[PDB]
Amino acid sequence: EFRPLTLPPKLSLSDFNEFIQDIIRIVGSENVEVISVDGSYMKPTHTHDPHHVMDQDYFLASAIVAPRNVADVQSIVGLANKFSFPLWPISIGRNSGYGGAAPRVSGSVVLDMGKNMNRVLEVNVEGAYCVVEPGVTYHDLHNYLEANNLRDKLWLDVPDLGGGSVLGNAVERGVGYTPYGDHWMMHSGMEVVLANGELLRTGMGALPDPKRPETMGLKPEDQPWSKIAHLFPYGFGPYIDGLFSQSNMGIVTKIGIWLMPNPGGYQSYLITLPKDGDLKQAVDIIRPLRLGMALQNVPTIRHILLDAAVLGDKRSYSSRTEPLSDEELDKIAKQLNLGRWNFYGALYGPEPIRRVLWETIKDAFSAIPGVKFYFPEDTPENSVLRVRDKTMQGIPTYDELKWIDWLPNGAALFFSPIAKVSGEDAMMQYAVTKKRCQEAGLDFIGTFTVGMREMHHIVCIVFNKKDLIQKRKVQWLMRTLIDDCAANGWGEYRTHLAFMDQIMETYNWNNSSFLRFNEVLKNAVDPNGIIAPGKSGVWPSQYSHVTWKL
Amino acid sequence: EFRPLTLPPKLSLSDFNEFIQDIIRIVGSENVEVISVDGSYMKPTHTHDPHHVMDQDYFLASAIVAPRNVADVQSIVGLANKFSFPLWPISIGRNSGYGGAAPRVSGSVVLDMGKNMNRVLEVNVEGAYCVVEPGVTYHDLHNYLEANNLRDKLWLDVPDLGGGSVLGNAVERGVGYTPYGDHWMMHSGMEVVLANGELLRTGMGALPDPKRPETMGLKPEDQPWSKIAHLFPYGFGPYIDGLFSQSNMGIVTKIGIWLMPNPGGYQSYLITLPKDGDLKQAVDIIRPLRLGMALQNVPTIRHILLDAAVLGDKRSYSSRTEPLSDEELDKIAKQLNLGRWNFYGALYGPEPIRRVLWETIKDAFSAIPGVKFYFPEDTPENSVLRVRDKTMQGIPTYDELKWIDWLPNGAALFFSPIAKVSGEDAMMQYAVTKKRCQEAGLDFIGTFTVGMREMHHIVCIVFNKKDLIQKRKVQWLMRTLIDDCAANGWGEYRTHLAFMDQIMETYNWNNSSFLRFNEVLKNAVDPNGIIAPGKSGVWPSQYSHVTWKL
Amino acid sequence: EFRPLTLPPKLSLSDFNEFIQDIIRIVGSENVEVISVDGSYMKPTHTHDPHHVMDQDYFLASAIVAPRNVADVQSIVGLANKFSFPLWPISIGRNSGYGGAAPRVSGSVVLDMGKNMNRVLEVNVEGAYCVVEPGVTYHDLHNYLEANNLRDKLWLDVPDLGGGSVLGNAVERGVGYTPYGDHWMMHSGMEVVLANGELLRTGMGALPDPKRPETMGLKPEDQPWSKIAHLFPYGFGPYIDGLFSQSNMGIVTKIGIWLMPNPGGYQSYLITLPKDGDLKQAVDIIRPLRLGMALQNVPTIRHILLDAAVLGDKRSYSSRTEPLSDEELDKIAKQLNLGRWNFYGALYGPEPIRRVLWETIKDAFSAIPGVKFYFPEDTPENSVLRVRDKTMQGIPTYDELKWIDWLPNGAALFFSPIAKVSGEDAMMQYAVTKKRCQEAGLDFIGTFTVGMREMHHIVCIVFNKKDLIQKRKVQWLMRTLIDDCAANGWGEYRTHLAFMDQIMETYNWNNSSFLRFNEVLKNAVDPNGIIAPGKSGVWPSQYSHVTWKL
Ligand SMILES: Cc1cc2nc3c(=O)[nH]c(=O)nc-3n(C[C@H](O)[C@H](O)[C@H](O)COP(=O)(O)OP(=O)(O)OC[C@H]3O[C@@H](n4cnc5c(N)ncnc54)[C@H](O)[C@@H]3O)c2cc1C
Ligand SMILES: Cc1cc2nc3c(=O)[nH]c(=O)nc-3n(C[C@H](O)[C@H](O)[C@H](O)COP(=O)(O)OP(=O)(O)OC[C@H]3O[C@@H](n4cnc5c(N)ncnc54)[C@H](O)[C@@H]3O)c2cc1C
Ligand SMILES: Cc1cc2nc3c(=O)[nH]c(=O)nc-3n(C[C@H](O)[C@H](O)[C@H](O)COP(=O)(O)OP(=O)(O)OC[C@H]3O[C@@H](n4cnc5c(N)ncnc54)[C@H](O)[C@@H]3O)c2cc1C
């Protein structure tokens, strides 16, 4: 195809056409798409940001290319290196709130790994691990377990929605809600295509499977792994895996992800905290419990509007364009039988062990007046608890997508700082965030997800994507939260394409020593700068900081 | 000081002398040492390998330099870069069985970070972490906790001996025996001096602590960390921490290590397995128990000779120069009230939870005929269980050093492959290893340490370091084990200076893609190749592979 | 001389010694100084910052070198380039409050141009200009005019103290108080030694004086200038002069500065403004008057404590360690017969024109209740008006040095933002600055100097240089003021060595385009980076930003 809306830097129309004809020859006209529609969560867009905070076509692919297999990715990298054409690899492209599948550099080729590199490569029972390609969503892996009846031996660990890619999410250091919720830490053994196009496998994945007649003559990509590849992540020498998470250091083609054995017992629960201020003592109560494993999974502390927005848009609770008052938030909480903060958790394993932990939890939470305790059965059919009850056992749902519809043409942008696990720090972060949302004309919507010694604070900014003024207030809000949080010693763990530079600039101890070190690494492994330039604020030397940073 | 036995590559005597005078002016004559004695575990040698498998002076420093602080390390790096002088950083230098403090390249300056960079920088109760410099041995950190009474709030995680550096051990991906036994995974926030001499801090350590009057004007090295630095390891962007473990990518000056809260209950235990063949069923029993967390810590399966060697040298059990027969191992086991394999573990937490897990463990292990169960009280005063009862609660001991004295001038060399957690794989690795020890004229001595989905098989080769013929059989044994194990699909997780190249060559999937990628990274960050060239087989471009590899 | 406390980067002791011997052979032992005392304003120190906000030896020369002439500077530049030794040129080195004579990079050679390159090269009556070398202080040029009776034809333009170098001050874009107060704009024709060591002359100074018998054979440095050299600054082509002010682009050896003809009438005056709040209306009154030239010179609006501090230390007005209250400032104002703000100006020219402008000024200022008007005769012997009456006619005094002694071991640090000439903007800047001084435990001391469309706000931070806690509060105050002011859209016009990087980082529109452009220029003209690296935040490529910025 002939003429794209945006060409990547320094490339001529003729070169773009020579390039696209070269790729069409490799992958088939059916797998290549030239951009000369926001779509849905259902069938994600792969050209731009469906939840566009900047203009809709601000972050835009010149073309979307779907490799059929690893050999196609090596060839496409060969061609991107020959023509100096930047690639933007995606797995599923549902990074909603983080830019969807849009490239950081406009004119890049969006590399859709997901459409054809789809396979559940292995489900190993005794080692309790799975091996997956980029296109395996959580829903897909769930169906795979069900079809082979593996559900009674191994459980999954899923984020709030089930359509994300198991690999994509793990390489972004995404989070789920069972004891295996730290997705990046459950990995072991990854396959990567380097920027130079060579194949690399990490850890014990570098220890080759001994030759045998049955595997002779296989392409590298298609060779099995040695026995400890997906069991012990470290291998020998430098542990380079982390270089591939949240980076532009390579294209991840395969990954092993450890899976939890059916625990032989499960019980989810909801603890309702009546006051807005009860966040402080709840978190102080969580702290010791999380550290000594009374709290096994990743429990979450949801703000009343996150549950309300799952249940119905803002127009169903008030016909007010401005942010709900404190008094209106108490009314909504009362109407839903929830508190101002709602703590969701789960117990795993034998009844005798659950019983004792549940008594410990109940007892500690009782120091907060008005606390109420519920199991799924005790709540209404449409309750969030009934949805999260599936979530904390590794079953994928899509119910939580509905809070994005809080406003008319609801688009989401996530502000994701980390807080200490202490009531004091949590209140401070909340107060700082709440204040700026108010100044911006937006309701505060958020969840705290409880890690062992930290909490990920997912502030959910929802705005109408067809309101120019509010889009501008959101950009102002985001950039100010970034700065206020940094001035309070909190950094974000993950962000959207437009804020990558400003968030990396916040990690500037000792005159930006961390970004300089990362640049050095990137320019050595990618001398033509073709793999996702700018991802995480890391720019290869051919991209002037002046021209490209935001 | 004037004339060293061995100069580093390409450096003249005149330049060595200029360099040393330059360093003496920086650190003081008392902190520099020119080598113009194997010592002890008590006062480790810092010039060569005390457990020398090669000739005693084969791996030798030209000089030993002790920086007083981080400014001194930056200045030494600056001088090493000016003169192209290789540095071999050590923390404590007790890497016995792995080369002690010896440099991979002879003529290097051994950088003793531990002598003056000694401080326990912070013990944070609420965040349950500690922050340490290279000189903090486990014993040191234990005494710090005792002195401030922290013992009742926070426990340590220690390897078999207490003299190791908490940081040194973790950057080697060392292993301890409590639930926080995976030392490298308990870290969060490191400070590194790069090869260019710049200071870097990883993760959230890159998000600076907000200015305040009290900390103004501090040198970078001396600035505090922001709140989440030692609570959430990831930070933002590429997670580069693993680039600094088992590597020559930089000189670690500080690290935070997460510490376990007193569990509120503890009970250690020993399960004796009568037959040599009971390893298979034991491991199959361990498998599910480890995966479902009935086994909380890192339990170990010790071979009867490892416990015997702790209790007395070989001469005290037989006056035979050849390896003990099977029948003699049964007699020794009987004499000590141990099995042929001895399973050591521990239970943590409230009595009601310990009770239930202990009944589950006992029950599962009962399927093996002749199994006996003991608590420390049930065994003799000198028992290994009583020593490990301290070990599995994070209390440092030195009792286990005695197995090194199995033979007259006993030296240790560790062969450390990983095995699946399956009886079949374990028996096979053991059989392979046992056969070669026998061909070599050595007793098989080893432990299996149980990770979640893998076991670390520490084969403890002990040899007389004044026996030339046996030293040679030891090198033959090691090199053959390496190849045999790789041919059965097992790689080693850590090794000694003399086998680093042969073990990295084993991790050659896709034509050594892993090592090539590592070399690219090393040459970019260390253009003069001054930081520990050859560490893990990774050689900077100025070190010919032909000249330097073993 | 053998061993300096601090060596410049990458240079050995041997090279330092070769270098120094080379310079001693060029300039004489009497003109070189090796540093192996804060001194006074009387005999300034040339080794470090006498008003040290950082540690006293934080910014320190390795040696001080005094060239006898321009040939010596070219030879020193040649040697600095051969050895890669950084030079820190000073003229007089009285940059008190801005770092004194201290180099930005410690270990630099401080190039004392003033000691021997001292000459008033020319005073031209018809062209009303003077030509000076670095060593000509204002006092010196005043005495030259007096000695030749030029006082009745030409006046000087002096800053608050008379000891500064006429050239040094102008290349820093310093400010004086007569109609020729914009010192950098009164220059025309400069001589510079470039970093490559070549001699350049700017503007019409590049159009050579036509040969004549009398000037044949002169060294370039010693040749006269052509007729328009000091009359028309521009010359032909690119006007590169500004590249040499506040820069490290070269070493200024000569400059011409335009001088005002005796105006044929002069009258200074003081307008006292009773209330703290009267700043707003005063500035709005100033605005139109400045723009239409009723206000001829650079009038100043001094804060009551600046005049009080000239008259006596803080101990003489209160024995309070904390900052004076509002009520105490009113008492002090009353005691001195001053307002809370005191406007100092002057009228120039014939009586009939002065009369009319004075009636216009008086009238406009009468809209502020309680305003009082004074001529020098009307005030006491020790009054500031009597001192500034000399200052606004270009006569040098040293009376104003006394406010530095406000506190026991008083040191000064200047915070120098620019403000619009509007009451609203002035009040806002003052409020911002006042609040932070208070949080820091310091009295607010400052002056506003009135440019045509801008005001220079000289906030005079005075602190005890032997108080560690206060030195730290001072650094906290400065760094916070910088950020607060930038967030309100004000940047500083000049600063101290320790804040140069943070102030240049503030001038980051379009991703720091201004600094990148400056770095490109610096690295082209100074490939060895020897001329004052880091001056104004501008670092040559051999100085890592990570290592060197503050
Ligand atoms: C309502 C809602 C709820 C959410 N809840 C959660 C939650 O609970 N937990 C959570 O973690 N996230 C959550 N998210 C964030 C995001 O939606 C999910 O994390 C999702 O799984 C990410 O999209 P994707 O995995 O389909 O991947 P992709 O868009 O494919 O994103 C992968 C990204 O990682 C890189 N990448 C992906 N594949 C590759 C590859 N093969 N090679 C190299 N780089 C690659 C690229 O940077 C890319 O942009 C939520 C989002 C929404 C809208
Ligand atoms: C009887 C015996 C039992 C043992 N049991 C165990 C056990 O149970 N578990 C276990 O893990 N180990 C064990 N060890 C192995 C080893 O002795 C210990 O791990 C010990 O803690 C390592 O030495 P050190 O920590 O003093 O470190 P060092 O010798 O200081 O070694 C650190 C090594 O890591 C690197 N390094 C160290 N400090 C730095 C730094 N600051 N910057 C960059 N690189 C650095 C270098 O490569 C160096 O050689 C045992 C050894 C013996 C002899
Ligand atoms: C009480 C007090 C009051 C002050 N009042 C005023 C005031 O009213 N107005 C004002 O402008 N300043 C004022 N100053 C600031 C400063 O003290 C004066 O500006 C003083 O004239 C500067 O020092 P110097 O001229 O002796 O120069 P130097 O210290 O010699 O400084 C010149 C600086 O410019 C550069 N430089 C100097 N000479 C050369 C050269 N030959 N080549 C290249 N670069 C060169 C260097 O960066 C150097 O650090 C005041 C200071 C104090 C302590």
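A note on names: the letters A, B, ... follow the listed sequences, proteins ahead of strands, and every chain is numbered from 1. Order of appearance sets the numbers: ligands from 1, and atoms from 1 within every ligand.
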Q | Structural part of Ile458(B) in contact with ligand 2, heavy atom criterion under 4.0 angstrom | A |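 For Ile458(B), there is no contact with ligand 2 at all, from either part.
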Contact between [X] and ligand 1, counting heavy atoms under 4.0 Å?
{"X": "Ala412(A)", "value": "no"}
{"X": "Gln246(A)", "value": "no"}
{"X": "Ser247(A)", "value": "no"}

Protein contact of [atom] - nearest heavy atom, named by residue and atom, plus distance:
{"atom": "atom 2 (C) of ligand 1", "answer": "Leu161(A) CD1, 3.5 Å"}
{"atom": "atom 27 (O) of ligand 3", "answer": "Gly93(C) N, 3.8 Å"}
{"atom": "atom 26 (O) of ligand 3", "answer": "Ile92(C) CB, 3.0 Å"}
{"atom": "atom 34 (O) of ligand 2", "answer": "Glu172(B) CG, 3.5 Å"}
{"atom": "atom 7 (C) of ligand 1", "answer": "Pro159(A) CB, 3.2 Å"}
{"atom": "atom 44 (N) of ligand 2", "answer": "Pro89(B) CG, 4.2 Å"}
{"atom": "atom 40 (C) of ligand 3", "answer": "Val252(C) O, 3.6 Å"}
{"atom": "atom 47 (O) of ligand 3", "answer": "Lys535(C) CE, 3.3 Å"}
{"atom": "atom 53 (C) of ligand 1", "answer": "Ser96(A) CB, 3.5 Å"}
{"atom": "atom 19 (O) of ligand 2", "answer": "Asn169(B) ND2, 3.0 Å"}

Q.
So for ligand 3, is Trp403(C) a polar contact partner (N or O within less than 3.5 Å, distance only)?
A.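 No - when backbone and side-chain N and O of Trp403(C) are compared with those of ligand 3, no distance drops under 3.5 Å.
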Q.
Does any N or O of ligand 3 fall below 3.5 Å from an N or O anywhere on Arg94(C), backbone included?
A.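 Between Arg94(C) and ligand 3 (N or O atoms, distance only) the closest approach is under 3.5 Å.
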I want to confirm something. Looking only at heavy atoms, which of [options] is nearest to [atom]?
{"atom": "atom 15 (C) of ligand 2", "options": "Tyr398(B), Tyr177(B), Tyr98(B)", "value": "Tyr98(B)"}
{"atom": "atom 5 (N) of ligand 1", "options": "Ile531(A), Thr447(A), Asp160(A)", "value": "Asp160(A)"}
{"atom": "atom 31 (O) of ligand 2", "options": "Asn95(B), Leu87(B), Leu111(B), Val73(B)", "value": "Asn95(B)"}
{"atom": "atom 9 (N) of ligand 2", "options": "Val171(B), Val175(B), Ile90(B), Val193(B)", "value": "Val175(B)"}
{"atom": "atom 32 (C) of ligand 3", "options": "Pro134(C), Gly164(C), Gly168(C)", "value": "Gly168(C)"}
{"atom": "atom 25 (O) of ligand 1", "options": "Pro44(A), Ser165(A), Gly162(A)", "value": "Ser165(A)"}

Q) Judged by modelled atom types alone, do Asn95(B) and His496(B) share a side-chain donor-acceptor pair under 3.5 Å? A)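 Short answer, no.
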Q. Any luck finding a side-chain donor-acceptor pair between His139(C) and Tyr398(C) under 3.5 Å?
A.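 There is such a pair between these side chains.
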Q) Which heavy-atom pair separates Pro50(B) from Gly100(B) by the least distance, and what is that distance? A)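 Heavy atoms only, the tightest pair is CD-CA, 3.9 Å.
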Q. Which pair of heavy atoms, one from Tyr493(B) and one from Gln246(B), lies closest together, and at what distance?
A.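 So the minimum-distance heavy-atom pair works out to O-NE2, 2.8 Å.
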Applying a 4.0 Å heavy-atom criterion (strictly less than), which segment of [X] is in contact with ligand 1: side chain, backbone, both, or neither?
{"X": "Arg494(A)", "answer": "side chain"}
{"X": "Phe414(A)", "answer": "side chain"}
{"X": "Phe244(A)", "answer": "neither"}

Q: Would you check, one step at a time, whether the test salt bridge (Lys or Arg N to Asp or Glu O under 4.0 Å) holds for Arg173(B) with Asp182(B)?
A: CA-CA 7 Å; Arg173(B) 303 192 304 259; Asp182(B) 193 343; over 6 Å; no
**Q.** Ligand-side contact atoms (ligand 1) for residue partner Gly174(A), heavy atom cut-off under 4.0 Å
**A.**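 Matching atoms, with element in brackets: 11 (O).
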Q: Taking only heavy atoms of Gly250(A) into account, list the atoms of ligand 1 that are under 4.0 Å away from them.
A: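 Counting from 1, the qualifying ligand atoms are 43 (C).
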Q. When only distance counts, is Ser91(A) in polar contact with ligand 1, meaning an N/O pair under 3.5 Å?
A.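 Checking ligand 1 against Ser91(A), an N or O pair does fall under 3.5 Å apart.
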Q) Do ligand 2 and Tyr138(B) have nitrogen or oxygen atoms that lie under 3.5 Å from each other? A)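 No: no nitrogen or oxygen of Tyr138(B) is under 3.5 Å from one in ligand 2.
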Q.
Using a 4.0 Å heavy-atom cut-off, which part of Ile404(C) comes near ligand 3: side chain, backbone, both, or neither?
A.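 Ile404(C) to ligand 3: side-chain contact only, backbone stays beyond 4.0 Å.
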